[PDB]
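Shown next as structure tokens: one chain only, the form deposited in one PDB entry.
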């Protein structure tokens, strides 16, 4: 039996855990919490941790653990299973990316069409969109978006974009509330993450939604994909089983379990999501370095500068 420090959505974690048991008979115990916290805890615990595996919604959390020397190597064959172009690879082969979540532009198709959409996420923060583009400043993925902007285009640009949002956009407290606002016709477009819409579409059927999604693509900063992944603790005293779970997560069957439970993009290229997501490769996601603590700190400041929050 193994213990998984889980920083991923409970349903996602539950679904893969169950499916693993069903296939192997090995029982999975989940310890759920926030990725950063768990990451902190693993460092503190060190060689004395109870965890065998760390399963997280953000692969960036692994850089630290890797450098601290806390992670075990994983099979190159397994790593290969999800190594599509643009997918981040652990330089030390001690973690693996499994699935992704994407920024998207959701819009009321009864009011806008694809011809009204912009070529870059940058263009939504302009006077053409005054009072017509919803955003969520307190969202974790918004912050990632800001990091990516600075990284890709510079702080000036990043800062200018936030400024444009303050002046022209409509602030919503949550992604779910922004999506509703679009659906209720309060605002015609919103910057959110893919999965909320896919969920709604499942629940209610596309035919009954006013909203549609628009993917910027072209390696635009607004085409940002955030990656989920896993790693085996070098302190694990249950290597074989722990490795087996990681291998399972990258297999067709583990990828199939995950996708049915959460609208994330599978990284294997032979798995089809039931939420009707497009293939990963069609997203044309930019390649951006992992976000660090300092990156986050830096983004918060820009946010602050712009009078946001």
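Residue numbers count along the first chain shown, from 1.
Unshown form deposited in another entry; subsequent notes refer to it.
Checked against the rigid-part motion between the shown form and the other one, the candidate from 276, 29, 152, 212 that sits at the hinge is 276. Relative to this conformation, a decrease of 3 Å or more in the Cα-Cα distance between residue 141 and residue 80 is found in the other entry. Inter-residue distance, residue 63 to residue 296 (Cα): reduced by at least 3 Å in the other entry versus the depicted form.
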